[PDB]
Amino acid sequence: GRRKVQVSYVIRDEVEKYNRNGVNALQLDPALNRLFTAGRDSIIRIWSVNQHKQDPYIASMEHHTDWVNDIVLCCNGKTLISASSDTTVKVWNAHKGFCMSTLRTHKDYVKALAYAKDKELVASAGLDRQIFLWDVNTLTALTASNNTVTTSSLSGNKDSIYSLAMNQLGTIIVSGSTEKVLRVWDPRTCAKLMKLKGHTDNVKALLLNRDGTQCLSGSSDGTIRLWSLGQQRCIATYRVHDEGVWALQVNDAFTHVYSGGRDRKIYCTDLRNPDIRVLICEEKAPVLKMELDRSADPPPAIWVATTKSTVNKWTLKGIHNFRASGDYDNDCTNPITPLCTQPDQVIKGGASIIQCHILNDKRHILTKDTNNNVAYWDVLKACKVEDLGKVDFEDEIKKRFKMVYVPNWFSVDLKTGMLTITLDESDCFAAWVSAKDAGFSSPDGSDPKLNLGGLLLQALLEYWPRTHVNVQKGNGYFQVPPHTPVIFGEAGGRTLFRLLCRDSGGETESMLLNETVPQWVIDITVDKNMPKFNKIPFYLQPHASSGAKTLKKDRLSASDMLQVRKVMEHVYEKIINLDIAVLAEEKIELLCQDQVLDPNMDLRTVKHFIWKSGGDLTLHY
Amino acid sequence: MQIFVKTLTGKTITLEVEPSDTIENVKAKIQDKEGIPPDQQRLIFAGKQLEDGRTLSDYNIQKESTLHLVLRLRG
Amino acid sequence: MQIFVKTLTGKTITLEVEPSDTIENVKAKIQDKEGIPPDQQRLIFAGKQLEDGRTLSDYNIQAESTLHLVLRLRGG
Amino acid sequence: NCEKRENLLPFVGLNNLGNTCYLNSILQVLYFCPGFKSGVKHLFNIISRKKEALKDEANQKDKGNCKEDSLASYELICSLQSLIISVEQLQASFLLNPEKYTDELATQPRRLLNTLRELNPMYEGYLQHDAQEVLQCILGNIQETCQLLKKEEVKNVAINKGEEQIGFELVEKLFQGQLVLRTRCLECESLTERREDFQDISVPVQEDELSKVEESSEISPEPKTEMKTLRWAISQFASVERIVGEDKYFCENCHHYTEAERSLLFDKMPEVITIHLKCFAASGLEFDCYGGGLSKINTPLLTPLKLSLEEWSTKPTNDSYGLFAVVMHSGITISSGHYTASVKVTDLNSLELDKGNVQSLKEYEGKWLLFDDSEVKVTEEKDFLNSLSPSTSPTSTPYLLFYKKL
Ligand SMILES: [Zn+2]
Numbered sequence: 011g012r013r014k015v016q017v018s019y020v021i022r023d024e025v026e027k028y029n030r031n032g033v034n035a036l037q038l039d040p041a042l043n044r045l046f047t048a049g050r051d052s053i054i055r056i057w058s059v060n061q062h063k064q065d066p067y068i069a070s071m072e073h074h075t076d077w078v079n080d081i082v083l084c085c086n087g088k089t090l091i092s093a094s095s096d097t098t099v100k101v102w103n104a105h106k107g108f109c110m111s112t113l114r115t116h117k118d119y120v121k122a123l124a125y126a127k128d129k130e131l132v133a134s135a136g137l138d139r140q141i142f143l144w145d146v147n148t149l150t151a152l153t154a155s156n157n158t159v160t161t162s163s164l165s166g167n168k169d170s171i172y173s174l175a176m177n178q179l180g181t182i183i184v185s186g187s188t189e190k191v192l193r194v195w196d197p198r199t200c201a202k203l204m205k206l207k208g209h210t211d212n213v214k215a216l217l218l219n220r221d222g223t224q225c226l227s228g229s230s231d232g233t234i235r236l237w238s239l240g241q242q243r244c245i246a247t248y249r250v251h252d253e254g255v256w257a258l259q260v261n262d263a264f265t266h267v268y269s270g271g272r273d274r275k276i277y278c279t280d281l282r283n284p285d286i287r288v289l290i291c292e293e294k295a296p297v298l299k300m301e302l303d304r305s306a307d308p309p310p311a312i313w314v315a316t317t318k319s320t321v322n323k324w325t326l327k328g329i330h331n332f333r334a335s336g337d338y339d340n341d342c343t344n345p346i347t348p349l350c351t352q353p354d355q356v357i358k359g360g361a362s363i364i365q366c367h368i369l370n371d372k373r374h375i376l377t378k379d380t381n382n383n384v385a386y387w388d389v390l391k392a393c394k395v396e397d398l399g400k401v402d403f404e405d406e407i408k409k410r411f412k413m414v415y416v417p418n419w420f421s422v423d424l425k426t427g428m429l430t431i432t433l434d435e436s437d438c439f440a441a442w443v444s445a446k447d448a449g450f451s452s453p454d455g456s457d458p459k460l461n462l463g464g465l466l467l468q469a470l471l472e473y474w475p476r477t478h479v480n500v501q502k503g504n505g506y507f508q509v510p511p512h513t514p515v516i517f518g519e520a521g522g523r524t525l526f527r528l529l530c531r532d533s534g535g536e537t538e539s540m541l542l543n544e545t546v547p548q549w550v551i552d553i554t555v556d557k558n559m560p561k562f563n564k565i566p567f568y569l570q571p572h573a574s575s576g577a578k579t580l581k582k583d584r585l586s587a588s589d590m591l592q593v594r595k596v597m598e599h600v601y602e603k604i605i606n607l630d631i632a633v634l635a636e637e638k639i640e641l642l643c644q645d646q647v648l649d650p651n652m653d654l655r656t657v658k659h660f661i662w663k664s665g666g667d668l669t670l671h672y
Numbered sequence: 001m002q003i004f005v006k007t008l009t010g011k012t013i014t015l016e017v018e019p020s021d022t023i024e025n026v027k028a029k030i031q032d033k034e035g036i037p038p039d040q041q042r043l044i045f046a047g048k049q050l051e052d053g054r055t056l057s058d059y060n061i062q063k064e065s066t067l068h069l070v071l072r073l074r075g
Numbered sequence: 001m002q003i004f005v006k007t008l009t010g011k012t013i014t015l016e017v018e019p020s021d022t023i024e025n026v027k028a029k030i031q032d033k034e035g036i037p038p039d040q041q042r043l044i045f046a047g048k049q050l051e052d053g054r055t056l057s058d059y060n061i062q063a064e065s066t067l068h069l070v071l072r073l074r075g076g
Numbered sequence: 070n071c072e073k074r075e076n077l078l079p080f081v082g083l084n085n086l087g088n089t090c091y092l093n094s095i096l097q098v099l100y101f102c103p104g105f106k107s108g109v110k111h112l113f114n115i116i117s118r119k120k121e122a123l124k125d126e127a128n129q130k131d132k133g134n135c136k137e138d139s140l141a142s143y144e145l146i147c148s149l150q151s152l153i154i155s156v157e158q159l160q161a162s163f164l165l166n167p168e169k170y171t172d173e174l175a176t177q178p179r180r181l182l183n184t185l186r187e188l189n190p191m192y193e194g195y196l197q198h199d200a201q202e203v204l205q206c207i208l209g210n211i212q213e214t215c216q217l218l219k220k221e222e223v224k225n226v227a414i415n416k417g418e419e420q421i422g423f424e425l426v427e428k429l430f431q432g433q434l435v436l437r438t439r440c441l442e443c444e445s446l447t448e449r450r451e452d453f454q455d456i457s458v459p460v461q462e463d464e465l466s467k468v469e470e471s472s473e474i475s476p477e478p479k480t481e482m483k484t485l486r487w488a489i490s491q492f493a494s495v496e497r498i499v500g501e502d503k504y505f506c507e508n509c510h511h512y513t514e515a516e517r518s519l520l521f522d523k524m525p526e527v528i529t530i531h532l533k534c535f536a537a538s539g540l541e542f543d544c545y546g547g548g549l550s551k552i553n554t555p556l557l558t559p560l561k562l563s564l565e566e567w568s569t570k571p572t573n574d575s576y577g578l579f580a581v582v583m584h585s586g587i588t589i590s591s592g593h594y595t596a597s598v599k600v601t602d603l604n605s606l607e608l609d610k611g612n737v738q739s740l741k742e743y744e745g746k747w748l749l750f751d752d753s754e755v756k757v758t759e760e761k762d763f764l765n766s767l768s769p770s771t772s773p774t775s776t777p778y779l780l781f782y783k784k785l
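Chains as they are written, first to last, in PDB author numbering: chain B, 11 to 480, 500 to 607, 630 to 672; chain C, 1 to 75; chain D, 1 to 76; chain A, 70 to 227, 414 to 612, 737 to 785.
Shown next as structure tokens:
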């Protein structure tokens, strides 16, 4: 009936000031001269474009649990609507900096948003071949009492939608998808109007003019098509790019188009006559989205979002000067000089983690950033230990090679440019580690066996009121930092809830947590039921070189946490015998495939390293 | 490590595996994703059948490797 | 394996067996599924009479093979 | 007594051992592959020379490790060549004078069956087995022997000289080809491809139980109606497949589960293309999980006598292919049935023994046959093709198609 619920959490600092991955969308509010970045790191950051400001940062509002494919700033720059790949479209508040109401109606990665300023109508198309028209006036009025909105929908698409556009008047909506066909509705009546054909590949950029009688399409095949919706046919094609086109912009007069795609270059094309074109700049990464400066005509500068973490503003002054130069280079052998060399303004960005390696103790991770810097994290404790810096990754791996084995109990995914740990019921409690091995020492010297997955999940919800046992909180061994996100998202699908660790202490988050979290988390977090113990069967036979006669093959069984020292002590006491540990070490040798086994090296370690066979483990004394 | 499998109808499906899982585990995952019992199905990689019991490393199977899936037409 | 059991009346009976199964087991299954006693069953393949102490493979009996079953009556 | 008029074709069937219709069909198609007989003859010549040399030097050499794995790999080629020799000798004897063979003309392949059943334990007894699987086992073992021989000769060593290199890569040069596993992420447009070998093309066969339109009225109903031909099935195998939804490609270039377009491309083409029809089906539903919903698609595809993989080949393929043999399953389910080969006897000019060791048989040139186990009957081209069409025969559903490069 219900799908698989995976609990995830992210290791990150309290504030991620700079971008930690590429930036997917940009929106500019000329009333406040603010800039919104929709980073691929699942964070929305508000900048201050004013050049004289030393620190362009203002604030952040982070609620998405995956990529932020597209954002639209609505209600004269008061409310922000963002489409994310966590199958949700949200309702932020740009002036305040927080999210009000989340829409989970889509059932796949939402990839686009379209805004109709006159009617305040916003559409949200995604990878689930669905279009859901919304009214911002109704959306921003969502409250606890009224949290259900009729899901105004459009039908006709048969392929995952990658782009969406609505004219300002809100009378035409065009969707571009892998179907390579632009399906046009009439949002007032939802009736299908026409299908536009001609694009030979996926279309990712869509623009519409004021009256909705013209459209601009940016396709992944590297061509631009101007659609005259009155005749339901294209009127001009712009083969200006070499590689694909993923971002489009156009001025108010709908006269010049600024395209930018995979080949990291941005041009300005006269829609009337595309013979003239000026290279705005050559970026250091493919361009994903742009946002013109609409405070003047012609636009003074264009903001650009790349696959890198740095956001660059490029100056458009002198475009008329460049066009008046008369440099009509009819020969393609002459490369066009970029209008700008360096960005006029830079928004500093961080480094994205691009390579991950988890050490055999399955507690530490060595992550390699895009600055080639390597880090040393701690999944259980959720904290960075040492930033080793620019040292060779493989050599650092071999330096930190361990001779112990711990079964896999999570997975690491760097989709958001940061380090995220996902826990699944199937394998989360497969790892059991001795207290001394884990690094926690009891005052009396006792060594309990702690399930790392359960010990982590207890701390992930330490503030949860149901978990306070009558006051004992969490697990009592460590404390994951409060600003650490916790995500309860279904397997390979939507996300049900996201909250910081300290959010559980409140009311509304507490009320939603009981419904959102699945039962198997309650199995340990609240019920305090110790999970299953894995067991090992093994064989004990006398060694050929020992000289003793072959004894009966006894298939003894025990736990994986049993040290080889205990087995060898039992063998010494019950075979050859028929203080003790030292004499057994000096007299009795246990060998698997005829090699001495470390007394402190455990049985599952033997299976993984020495036995190397699908049969039952064999031990010889 | 992610491998593809060509189902009976011809559409590919993706599986999350490791280089150290036997063909039985792969067949169980394909059963989960399609419903064919593990004993009935056969897997072909690089023009050779995946004998049950053997792991995945010894077949030099890496990321982006496709395992064609067929049934047993006995006669 | 499927073998067509044909009597003198033109009736074809399908029996699922294995070549390792003996002729006596085949006759017992025929009795179970048809009521004809094994003693009354006379099986002829390629002009050869089957012996209950042998198997289908011993007499080289194939699949979908028409075997002339002759009903033997004790008394008359 | 004159229902068949005691007419026996010169071509030799094979007396099945009770349930070896699959194996017998596979041996009968393999017999007519172009160069397979010569390749196995060359392998036997090499094996015999090595065996006699080892026998001669066994006394001189000490501590001779004669592992039985190599012995069995050698024995498979031994039995295959013995069976080929016996079949050809009986064919020649019948051709010279057929009075002694008034009944069916066939040779028992006991040796090769025993070799397989000791080589693969699952052939024990007299059960029923997939013909494709038997072909795979035979070809794999032959390739294993060939690569072992190549490694041994390389270790020993270290106008046209290609005659000695004809047989060392028989399976490689006959059945195995090369594929390109091209995958294109749709979020970053980065093409990552793999290069995997192949020997058979696992072509899908689809029953009308999937891809059902929810409404077919408000949405566009359907582009066109067309009887599923072999070109459509190959395209389904090796054309752009948008991986969406429950399964998404993980692009290491962007570290996300992104939609991808997978397209398989035919770079290197083997001299014999095996097309393995998926006449079986899961019926969509599992039948309330009653041990899987196994099913068989009794309605065949419109398989043509010619093929051209240019539509799915990297380089422009100027060489076409031609059907010469088909293995047909004449049952109603997959757990049982009567396998029957159907080969086109041709290539008589090149149908010669290996050099390392036409008009008489031209009477059947370019004519199909129906090797029904020990019983052999000739079927003309037109009626055979008509029976191949789904309208006529819902029983003898084709299973394997072999195409030889022209
Ligand atoms: Zn990608």
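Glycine included, C-beta positions come from ideal geometry on N, C-alpha and C.
Counting other Cβ atoms within 10 Å of its Cβ, B/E472 reaches 16 or more and is therefore classed as buried. Under the three-state reduction of DSSP, B/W662 is assigned to helix. Using a Cβ-Cβ cut-off of 8 Å, A/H593 is close to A63, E64 of chain D, given in chain order. Under DSSP, A/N93 forms no beta bridge with any residue. Identification of chain B residues near A/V499 by a Cβ-Cβ cut-off of 8 Å yields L137, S170, ordered along the chain. Partner residues in the beta bridge of C/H68, as assigned by DSSP, are C/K6, C/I44. Look at the stretch 208-219 of chain B: the residues with a C-beta under 9 Å from a C-beta of chain A are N212. 8 Å or more divides the Cβ of B/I312 from the Cβ of B/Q355. Under the Cβ criterion (8 Å, minimum of three pairs), the stretch 775-783 of chain A counts as touching the stretch 576-588 of chain A. B/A201 is bridged by DSSP to B/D196. Taking CB atoms only, C/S57 has no neighbour in chain A less than 8 Å away. When 7 Å is used as the limit between beta carbons, B/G521 is near these residues of chain A: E501, in chain order.
If you draw a straight line from the Cα of D/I61 to the Cα of A/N573, it is about 50 Å long. Taking a 10 Å sphere around the C-beta of B/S586, we find fewer than 16 other C-beta atoms and assign the residue as exposed. DSSP, reduced to helix, strand and coil, places A/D452 within a strand of the structure shown. Under the Cβ criterion of 8 Å, D/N60 is counted among the residues facing chain A.
Of the other Cβ atoms in all chains shown, 16 or more fall within 10 Å of the Cβ of B/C350; this residue is therefore buried. Taking a C-beta cut-off of 8 Å against chain A, the contacting residues of the stretch 32-58 of chain D are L56, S57, listed in chain order. A direct Cα-to-Cα measurement between A/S772 and A/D762 gives close to 11 Å. The beta-carbon distance between B/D76 and B/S58, rounded to whole angstroms, is 27 Å. This is too long to meet the 8 Å contact definition. Taking a Cβ-Cβ threshold of 9 Å, the residues of chain B close to A/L441 are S170, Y172, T188, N212, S230, in chain order. Chain-order list of chain A residues neighbouring C/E34: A537, by C-beta distance under 7 Å.
Listed in chain order, the non-local C-beta contacts of A/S94 below 7 Å within the same chain comprise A200, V582, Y594, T595, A596, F750, local neighbours out to five positions each way being set aside. The beta carbon of B/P511 is closer than 6 Å to those of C530, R531 in its chain, skipping five residues each way along the sequence.
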